[PDB]
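Asker: This is the structure I want to talk about, given as structure tokens.
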Amino acid sequence: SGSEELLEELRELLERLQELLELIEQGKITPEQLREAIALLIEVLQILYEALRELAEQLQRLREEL
Amino acid sequence: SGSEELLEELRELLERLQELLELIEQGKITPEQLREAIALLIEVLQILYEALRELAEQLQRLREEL
Amino acid sequence: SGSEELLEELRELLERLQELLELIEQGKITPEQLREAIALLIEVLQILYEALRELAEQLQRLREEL
């Protein structure tokens with residue numbers, strides 16, 4: 001579906017966020033990397049919101065098919 | 001549905017987060033704005049979690065209608 | 001379902017994020033706590049992404065059951 005393609009981007013961005021998470025856990029993240037992590041969180045969330053909207057549209061269209 | 005109303009709030013908060021993202025991309029965000037972005041990310045996520053829970057409840061109720 | 005178990009972890013992590021949000025709103029959060037909040041946002045998002053993928057798989061399997 002389309003939701004899938006969106007989930008692929010969630011996946012890759014989250015792999016970079018996983019690296020930033022491990023830097024936080026290690027105590028090594030710089031201010032520039034904290035700003036990168038904030039930006040990636042916003043980018044991920046915008047895509048996850050769109051995938052949510054598409055899944056809600058599918059569920060309500062099928063609710064309208066019964 | 002109810003999920004929709006929740007998605008509207010995700011939408012507006014995300015428009016402010018889009019502005020903060022562009023400040024990060026420009027290299028211009030202040031510490032106060034980084035703190036604002038973190039707060040908005042938490043607020044958005046709380047709403048997206050509730051919308052997720054409602055959609056999972058709908059899917060499992062329909063799973064129970066078949 | 002499985003999505004539920006995932007939503008429980010979203011719930012608890014979000015209760016700690018709620019506390020960090022209130023510190024931001026009060027003007028009292030430290031840099032260490034800002035880093036904690038960023039890490040928790042990434043952890044929550046990884047779980048919410050997995051719960052999204054599972055719900056999309058369920059919807060598309062049922063789409064394939066009609």
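Identifiers in this document derive from the order of the structure tokens: chains are assigned A, B, ..., residues are numbered from 1 separately in each chain, and ligands are numbered from 1 in order of occurrence.
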Any idea which chain C residues end up within 10 Å of chain A if we count only C-alpha atoms, as a ChimeraX atom specification please?

Answerer: /C:32,34-36,38-43,45-46,48-50,52-53,55-57,59-60,63

Asker: Mind doing a quick least-squares superposition of chain B onto chain C, all C-alpha atoms paired one-to-one in order, and writing it out as a compact mmCIF listing (two decimals) with N, CA, C and O atoms, in the first residue's frame?

Answerer:
# COMPACT_ATOMS: atom_id res chain seq x y z
N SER B 1 -4.41 -7.89 21.69
CA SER B 1 -3.51 -8.14 20.57
C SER B 1 -2.07 -7.84 20.94
O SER B 1 -1.76 -7.62 22.11
N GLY B 2 -1.18 -7.83 19.96
CA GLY B 2 0.20 -7.48 20.22
C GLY B 2 0.32 -5.98 20.28
O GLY B 2 1.07 -5.45 21.09
N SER B 3 -0.43 -5.30 19.44
CA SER B 3 -0.41 -3.86 19.43
C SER B 3 -0.64 -3.31 20.83
O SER B 3 -0.01 -2.35 21.23
N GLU B 4 -1.53 -3.95 21.57
CA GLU B 4 -1.81 -3.51 22.93
C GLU B 4 -0.58 -3.48 23.80
O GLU B 4 -0.30 -2.49 24.46
N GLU B 5 0.16 -4.58 23.83
CA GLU B 5 1.34 -4.66 24.66
C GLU B 5 2.28 -3.54 24.33
O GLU B 5 2.93 -2.98 25.20
N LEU B 6 2.40 -3.25 23.07
CA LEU B 6 3.21 -2.12 22.64
C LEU B 6 2.65 -0.80 23.16
O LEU B 6 3.40 0.10 23.57
N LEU B 7 1.32 -0.68 23.15
CA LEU B 7 0.73 0.56 23.63
C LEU B 7 0.96 0.76 25.12
O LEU B 7 1.08 1.89 25.58
N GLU B 8 1.05 -0.33 25.90
CA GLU B 8 1.38 -0.19 27.32
C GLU B 8 2.73 0.50 27.53
O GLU B 8 2.87 1.37 28.41
N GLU B 9 3.73 0.11 26.74
CA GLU B 9 5.04 0.74 26.88
C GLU B 9 4.99 2.20 26.42
O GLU B 9 5.58 3.07 27.07
N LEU B 10 4.30 2.47 25.31
CA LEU B 10 4.05 3.87 24.95
C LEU B 10 3.48 4.64 26.15
O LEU B 10 3.91 5.76 26.43
N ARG B 11 2.56 4.01 26.90
CA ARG B 11 1.89 4.66 28.02
C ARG B 11 2.87 5.03 29.13
O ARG B 11 2.92 6.17 29.61
N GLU B 12 3.65 4.06 29.58
CA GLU B 12 4.54 4.38 30.69
C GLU B 12 5.62 5.39 30.27
O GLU B 12 5.89 6.39 30.98
N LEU B 13 6.26 5.15 29.13
CA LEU B 13 7.26 6.12 28.70
C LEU B 13 6.64 7.50 28.61
O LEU B 13 7.26 8.49 29.02
N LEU B 14 5.40 7.59 28.13
CA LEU B 14 4.74 8.88 28.01
C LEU B 14 4.44 9.51 29.36
O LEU B 14 4.34 10.73 29.44
N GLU B 15 4.31 8.71 30.43
CA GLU B 15 4.12 9.30 31.75
C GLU B 15 5.39 10.01 32.23
O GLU B 15 5.34 11.12 32.80
N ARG B 16 6.54 9.40 31.94
CA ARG B 16 7.79 10.14 32.20
C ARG B 16 7.95 11.36 31.28
O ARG B 16 8.47 12.41 31.69
N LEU B 17 7.52 11.23 30.02
CA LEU B 17 7.60 12.38 29.13
C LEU B 17 6.67 13.49 29.58
O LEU B 17 6.99 14.67 29.40
N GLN B 18 5.52 13.14 30.15
CA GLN B 18 4.62 14.13 30.72
C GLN B 18 5.31 14.93 31.81
O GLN B 18 5.19 16.16 31.87
N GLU B 19 6.05 14.23 32.69
CA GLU B 19 6.81 14.96 33.72
C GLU B 19 7.85 15.90 33.11
O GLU B 19 8.04 17.03 33.58
N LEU B 20 8.54 15.45 32.05
CA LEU B 20 9.53 16.33 31.43
C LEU B 20 8.87 17.51 30.74
O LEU B 20 9.41 18.64 30.75
N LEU B 21 7.71 17.29 30.13
CA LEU B 21 6.94 18.38 29.54
C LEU B 21 6.59 19.43 30.58
O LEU B 21 6.71 20.63 30.33
N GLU B 22 6.15 19.00 31.75
CA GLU B 22 5.82 19.95 32.80
C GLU B 22 7.05 20.71 33.28
O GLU B 22 6.94 21.89 33.63
N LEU B 23 8.22 20.07 33.28
CA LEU B 23 9.42 20.84 33.63
C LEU B 23 9.72 21.90 32.58
O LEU B 23 10.14 23.01 32.93
N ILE B 24 9.53 21.57 31.30
CA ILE B 24 9.72 22.58 30.25
C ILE B 24 8.74 23.73 30.44
O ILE B 24 9.11 24.91 30.35
N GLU B 25 7.47 23.40 30.72
CA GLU B 25 6.45 24.42 30.92
C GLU B 25 6.76 25.31 32.12
O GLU B 25 6.43 26.50 32.12
N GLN B 26 7.41 24.75 33.14
CA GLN B 26 7.77 25.51 34.33
C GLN B 26 9.05 26.32 34.16
O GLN B 26 9.32 27.19 34.98
N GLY B 27 9.82 26.06 33.11
CA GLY B 27 11.11 26.71 32.96
C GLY B 27 12.22 26.14 33.83
O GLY B 27 13.16 26.85 34.17
N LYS B 28 12.14 24.85 34.18
CA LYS B 28 13.06 24.27 35.16
C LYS B 28 13.91 23.13 34.62
O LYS B 28 14.71 22.58 35.39
N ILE B 29 13.78 22.75 33.36
CA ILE B 29 14.45 21.54 32.87
C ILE B 29 15.94 21.81 32.69
O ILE B 29 16.34 22.89 32.24
N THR B 30 16.77 20.84 33.07
CA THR B 30 18.22 20.93 32.94
C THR B 30 18.66 20.36 31.60
O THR B 30 17.89 19.70 30.90
N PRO B 31 19.91 20.60 31.19
CA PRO B 31 20.39 19.98 29.94
C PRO B 31 20.36 18.46 29.99
O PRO B 31 20.01 17.83 28.98
N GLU B 32 20.69 17.87 31.14
CA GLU B 32 20.63 16.42 31.28
C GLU B 32 19.21 15.91 31.09
O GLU B 32 19.00 14.85 30.48
N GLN B 33 18.21 16.64 31.61
CA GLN B 33 16.82 16.24 31.43
C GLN B 33 16.33 16.47 30.00
O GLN B 33 15.50 15.70 29.51
N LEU B 34 16.82 17.51 29.32
CA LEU B 34 16.51 17.68 27.90
C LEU B 34 17.04 16.50 27.09
O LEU B 34 16.39 16.03 26.15
N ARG B 35 18.23 16.01 27.44
CA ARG B 35 18.77 14.85 26.75
C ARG B 35 17.97 13.59 27.08
O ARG B 35 17.70 12.76 26.19
N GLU B 36 17.55 13.44 28.33
CA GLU B 36 16.66 12.34 28.67
C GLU B 36 15.36 12.40 27.85
O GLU B 36 14.89 11.37 27.35
N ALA B 37 14.76 13.58 27.74
CA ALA B 37 13.51 13.69 26.98
C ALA B 37 13.71 13.32 25.53
O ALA B 37 12.88 12.61 24.95
N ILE B 38 14.81 13.78 24.91
CA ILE B 38 15.09 13.38 23.53
C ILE B 38 15.22 11.87 23.40
O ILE B 38 14.64 11.26 22.47
N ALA B 39 15.92 11.22 24.34
CA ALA B 39 16.06 9.76 24.26
C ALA B 39 14.72 9.05 24.40
O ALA B 39 14.44 8.09 23.67
N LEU B 40 13.90 9.48 25.36
CA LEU B 40 12.58 8.88 25.53
C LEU B 40 11.68 9.11 24.32
O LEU B 40 10.88 8.24 23.96
N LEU B 41 11.79 10.27 23.67
CA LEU B 41 11.00 10.49 22.46
C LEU B 41 11.38 9.49 21.37
O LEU B 41 10.51 8.92 20.70
N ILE B 42 12.69 9.23 21.21
CA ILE B 42 13.14 8.24 20.23
C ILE B 42 12.67 6.83 20.60
O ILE B 42 12.24 6.05 19.74
N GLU B 43 12.75 6.47 21.88
CA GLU B 43 12.32 5.14 22.30
C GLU B 43 10.82 4.95 22.05
O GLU B 43 10.38 3.93 21.48
N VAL B 44 10.03 5.94 22.45
CA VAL B 44 8.59 5.89 22.22
C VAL B 44 8.31 5.74 20.74
O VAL B 44 7.51 4.89 20.33
N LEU B 45 8.94 6.59 19.91
CA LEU B 45 8.68 6.57 18.48
C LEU B 45 9.03 5.22 17.87
O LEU B 45 8.36 4.77 16.93
N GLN B 46 10.09 4.56 18.35
CA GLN B 46 10.41 3.25 17.78
C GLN B 46 9.27 2.28 18.05
O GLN B 46 8.83 1.55 17.15
N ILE B 47 8.72 2.32 19.27
CA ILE B 47 7.61 1.42 19.57
C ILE B 47 6.35 1.80 18.78
O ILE B 47 5.64 0.94 18.26
N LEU B 48 6.06 3.10 18.69
CA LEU B 48 4.87 3.51 17.95
C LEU B 48 4.98 3.14 16.48
O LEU B 48 3.98 2.76 15.86
N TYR B 49 6.19 3.19 15.92
CA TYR B 49 6.38 2.75 14.55
C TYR B 49 6.08 1.27 14.40
O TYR B 49 5.46 0.85 13.42
N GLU B 50 6.55 0.44 15.35
CA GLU B 50 6.27 -0.99 15.24
C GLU B 50 4.77 -1.27 15.35
O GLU B 50 4.24 -2.12 14.63
N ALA B 51 4.08 -0.55 16.24
CA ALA B 51 2.63 -0.75 16.39
C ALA B 51 1.88 -0.31 15.14
O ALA B 51 0.88 -0.93 14.74
N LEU B 52 2.35 0.76 14.50
CA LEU B 52 1.83 1.18 13.21
C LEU B 52 2.01 0.10 12.15
O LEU B 52 1.09 -0.18 11.38
N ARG B 53 3.21 -0.47 12.08
CA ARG B 53 3.46 -1.50 11.07
C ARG B 53 2.55 -2.70 11.29
O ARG B 53 2.01 -3.26 10.33
N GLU B 54 2.34 -3.09 12.56
CA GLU B 54 1.46 -4.22 12.83
C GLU B 54 0.02 -3.92 12.46
O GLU B 54 -0.67 -4.77 11.90
N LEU B 55 -0.45 -2.71 12.76
CA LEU B 55 -1.82 -2.38 12.39
C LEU B 55 -1.99 -2.28 10.87
O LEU B 55 -3.03 -2.67 10.34
N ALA B 56 -0.97 -1.80 10.16
CA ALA B 56 -1.08 -1.75 8.71
C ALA B 56 -1.08 -3.15 8.12
O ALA B 56 -1.81 -3.43 7.16
N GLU B 57 -0.28 -4.06 8.71
CA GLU B 57 -0.30 -5.46 8.28
C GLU B 57 -1.67 -6.09 8.51
O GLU B 57 -2.18 -6.82 7.65
N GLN B 58 -2.30 -5.82 9.66
CA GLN B 58 -3.63 -6.37 9.92
C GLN B 58 -4.66 -5.84 8.92
O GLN B 58 -5.45 -6.61 8.36
N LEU B 59 -4.66 -4.52 8.68
CA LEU B 59 -5.63 -3.94 7.75
C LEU B 59 -5.44 -4.49 6.34
O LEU B 59 -6.42 -4.79 5.65
N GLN B 60 -4.19 -4.66 5.89
CA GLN B 60 -3.98 -5.17 4.54
C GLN B 60 -4.23 -6.67 4.42
O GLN B 60 -4.59 -7.15 3.34
N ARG B 61 -4.05 -7.42 5.51
CA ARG B 61 -4.43 -8.83 5.48
C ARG B 61 -5.95 -8.98 5.42
O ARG B 61 -6.46 -9.86 4.71
N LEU B 62 -6.69 -8.12 6.14
CA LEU B 62 -8.14 -8.17 6.06
C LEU B 62 -8.66 -7.63 4.73
O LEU B 62 -9.75 -8.01 4.29
N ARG B 63 -7.90 -6.73 4.14
CA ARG B 63 -8.27 -6.21 2.84
C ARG B 63 -8.13 -7.39 1.92
O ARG B 63 -8.82 -7.48 0.91
N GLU B 64 -7.25 -8.31 2.28
CA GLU B 64 -7.05 -9.48 1.46
C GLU B 64 -7.98 -10.59 1.91
O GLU B 64 -7.89 -11.71 1.44
N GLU B 65 -8.88 -10.28 2.84
CA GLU B 65 -9.87 -11.26 3.25
C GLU B 65 -11.24 -10.75 2.85
O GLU B 65 -12.22 -11.00 3.54
N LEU B 66 -11.30 -10.03 1.74
CA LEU B 66 -12.56 -9.50 1.26
C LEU B 66 -12.45 -9.20 -0.22
O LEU B 66 -11.37 -8.89 -0.71
